[PDB]
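Letters A, B, ... are given to chains in the order of the sequence lines, protein chains preceding strands, and every chain is numbered from 1.
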Amino acid sequence: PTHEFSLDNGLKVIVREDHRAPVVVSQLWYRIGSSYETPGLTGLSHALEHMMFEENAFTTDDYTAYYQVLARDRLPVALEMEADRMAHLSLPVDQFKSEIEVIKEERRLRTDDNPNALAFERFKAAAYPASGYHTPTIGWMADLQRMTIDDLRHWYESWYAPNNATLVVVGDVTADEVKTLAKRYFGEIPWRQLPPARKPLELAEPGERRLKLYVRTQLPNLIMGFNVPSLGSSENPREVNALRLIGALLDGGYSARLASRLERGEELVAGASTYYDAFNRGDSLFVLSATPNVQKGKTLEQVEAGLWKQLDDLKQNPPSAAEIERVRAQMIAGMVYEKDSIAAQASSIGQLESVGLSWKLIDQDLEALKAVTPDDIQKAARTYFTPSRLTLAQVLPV
Amino acid sequence: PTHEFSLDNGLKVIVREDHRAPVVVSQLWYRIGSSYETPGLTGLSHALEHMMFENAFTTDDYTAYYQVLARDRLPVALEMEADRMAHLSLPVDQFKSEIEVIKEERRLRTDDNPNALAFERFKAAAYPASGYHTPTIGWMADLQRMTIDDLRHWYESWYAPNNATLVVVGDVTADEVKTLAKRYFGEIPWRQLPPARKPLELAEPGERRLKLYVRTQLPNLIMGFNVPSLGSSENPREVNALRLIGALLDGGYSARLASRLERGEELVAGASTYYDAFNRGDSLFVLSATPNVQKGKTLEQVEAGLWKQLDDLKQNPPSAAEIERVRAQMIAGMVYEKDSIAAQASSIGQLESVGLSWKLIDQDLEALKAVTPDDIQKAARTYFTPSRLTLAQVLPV
């Protein structure tokens, strides 16, 4: 029940009908992000978004999205005002001067004065030496401090264009109905030449980077990241999917390895997690987080020793399909759960599409996960969990 | 004997008259460098320079074109430069081979020169938030995706007259030059530039430590501390003091590292210091050293050794006596260093490129001499901290 058409101006439109309730979701996804940004002018995408402002907006490394959820008959007015945004930017000098302070202020409160946020910003910069991924989305303070109205306008001109955008609609509508409105509201808007956009590729083996940061935190903790591919950047999708599965094996659940082995069973860590986004425009990071079992006086150095042991085990011993399946199934199940929810489907469509991946993937994703074999997993672990790919940071209390 | 004027297109001209010999230096400086480059599009400034072809250099902050000429030659050289400013002329075919050359040059010079490769990685860690993290040559992946259209745009953007400085030094006169600069350059119109932002780094990025395994066979150590430069600094004095600290540590055969560590303790095979105080943005004070492996030394001991020397500076300032000896020697090095007209004129071009007046050239020596011993201690304390440090261990494979 999903249709794809593109307007003359290069706007791509995706529509999925779901008549279960009389509501429709409209999201607009622009392919501009912090990874496109240039030093001394960081934070631009996020500011620009903030300035053109249920409905919400979000800016990440690879995209900026505006979405609204609404009553089916009100779709025409939702589309009209998203089109307005695309069409022109009304931003007064007076408005700007006030907003920039808010943003700067937001940087202090939520990044600088948030010790975990702070540490992560640093970790991320060290982890991504060559790619745009190193840049903080909020922007460096020095950059915000120097940002100007003209810089914002120009950014708007350059990137907020129909051929840089995807409109996604799901809900109680007809694809023809949507098609008609888009032309009506967006059709007018002309195509604009874009700046060059390059996937944010990173070195495969940057070397071993270790960070020590003292922050206003009460609990010492360890962050380990491994430079890796994503579907945006990978000629072998199998290895990526193998990586996703590895995270699930480590972090998802009571019986998952880190919990049973390190939290219980050894008492090395208080908690431990993993995060890996497989759906980047470019390359990605496989991340580990643990905090030490302070009660037993366990050091960060011990935690790290413990994590490597678990990573080694994967290299040495392919996990059983009995393990993989339990782990795979639950991943699918959780993913399926999101399926329902027109908003989630819309976001899945917009995310992937902003990143150079087709929406057609979602359907085949569950087949793809299925293809992973215990061998794939072992192979990916051997390949990627090398010290040459590691950024490790100790976040310590001062 | 030095005069500056600007043409109405905003090109700035500085002429310095020296008549000892009928030779003249002509240099053209553009304010564009690798520090300006966007991710995924690194290498552009360097690549462009490659295409313009007596000589040229691209760095973080600038691109310079320079010749040394007989005076009669000067009109022709100015013509060729004006031509380069005005009309790109960049055929596709030419791009295709040249990019290939540059890529190979990266493979060889940066990928099989183990130290160059290591320094590049070290630099990227040293500069989390500023443009200086980017290698001038460019990352290989950016190189592979570069297009002729990308180059033309860089040229349209940055190689404008109002972004350039023309420096002429030698047996010429300000008037003649003004006449020539008008003839060749005057018609090239002013263009609106993209925004330029100084490459300001974080003050305290945090302690970062690197381990790289490379194709060398001697292990070495690199220590970088994030610091200010004249481009970025409110207190110029602290910068000048850092310069002296550099002189003190590795200024000469008799300087502290050589005397104490190379000889002395015999900790190091060699030890060096680097600090560029004339950057658009912030900068790095750099130490590099090799272990005494005959004596079975390790990188860990070498580190402790360097750290000990840094601390002594902190703990108590150097005698006013050392300060002269080290200083005087530094200056003699500088005086030997002005002399040339080429150097004498690139000193101007570099300064104008990073946002600083040429009038500094004269002003410098006085400035070192005004650094007090207390200035040195305060600087060592302020700056030589683990929170400013990025440390690399460079090991053989």
key: chain B contacts, top residue of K199(A), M141(A), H154(A) (heavy-atom pairs, under 4.5 Å)   = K199(A)
query = Listed by residue number, which members of residues 118-128 of chain B have a heavy atom under 4.5 Å from any heavy atom of chain A?
reply = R121(B), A124(B), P128(B)
message = Using a 4.5 Å heavy-atom cutoff, which residues in residues 199-216 of chain B come close to chain A?
response = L200(B), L202(B), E204(B), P205(B), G206(B), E207(B), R208(B), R209(B), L210(B), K211(B), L212(B)
query = Under the side-chain hydrogen bond (donor to acceptor under 3.5 Å, both in side chains) rule, what pairs show up with a residue in residues 135-151 of chain B, not counting sequence neighbours?
reply = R198(A)-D150(B), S34(B)-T136(B), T42(B)-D142(B), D142(B)-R145(B), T147(B)-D150(B)
query = Which heavy atom of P39(A) sits nearest a heavy atom of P39(B), and at what distance?
reply = CD-CD, 4.3 Å
note = Among residues 382-398 of chain A, residues within the sub-4.5 Å heavy-atom range of chain B, in order of number, are none
query = Has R110(A) got more than 12 heavy atoms of other residues, nucleotides or ligands less than 6.0 Å from its CZ?
reply = no
